[PDB]
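One chain follows as structure tokens, the form deposited in one PDB entry.
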């Protein structure tokens, strides 16, 4: 079932630079097409699993994002058909080792250690598509230890969800249960061991995660 998509889904695709105010806080520039990177299936941390800090970062950031879960195999589809391939949604955190990412960008290296480590994708319960007639009218929020740190409106996305789906599908075929993370609004920032993150989509879902270090 899609209600447990993180258990069997193979691929995670992430969009970068999709909120103008996040682009500004990063001091980057918006390109003509969305930036894409990948996370492995073992990046998923469903509720009840910890956010795990990698030992090689001293600057682990939260990033609040809407995930789009695919309901059917999606290969090179037009924008106008792209929503037909969506099964539903989930709220994700694109946990990011920001210090590692800065080095990767500077040296022209892959973004893997910065973005694609174990438990780098905390994920909410699945929200069926029927509950979200317009994914560009959602409000996202995130708290650390009870204090609000990120909020965003999906109406602020530079690239629309039907564009993202179509764009990704032409580069990488998407299977049933693959997710696309659609980028973070402004307000990214560090977390430390034992922080409690609470996050949600207003009116639809919330989730709580503890930041931990590996006990192995």
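Positions refer to the first chain, counted from 1. The term rigid core refers to the maximal set of C-alpha atoms that superpose within 1.5 Å between the two forms. Residues that one form lacks are left out of the comparison.
Keep in mind the form deposited in another entry is missing from the figure; the text below concerns it.
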| query | After the core is superposed, which of these residues, 35, 172, 38, 30, moves its CA 2 Å or more between the shown form and the other one? | reply | 30
| message | My question is whether residue 20 is one of the residues whose C-alpha shifts by 2 Å or more between the shown form and the other one, given a fit on the rigid core. | response | yes
| Pairwise C-alpha change, residue 164 versus residue 29, in the other form against this form - closer or farther, 3 angstroms or more | closer
| Looking in the other form, are the Cα atoms of residue 30 and residue 83 closer together or farther apart than here, the change being 3 Å or more? | closer
| Are there runs of at least three residues between the shown form and the other one whose C-alphas all move 2 Å or more relative to the rigid core, and where are they? | 20-31
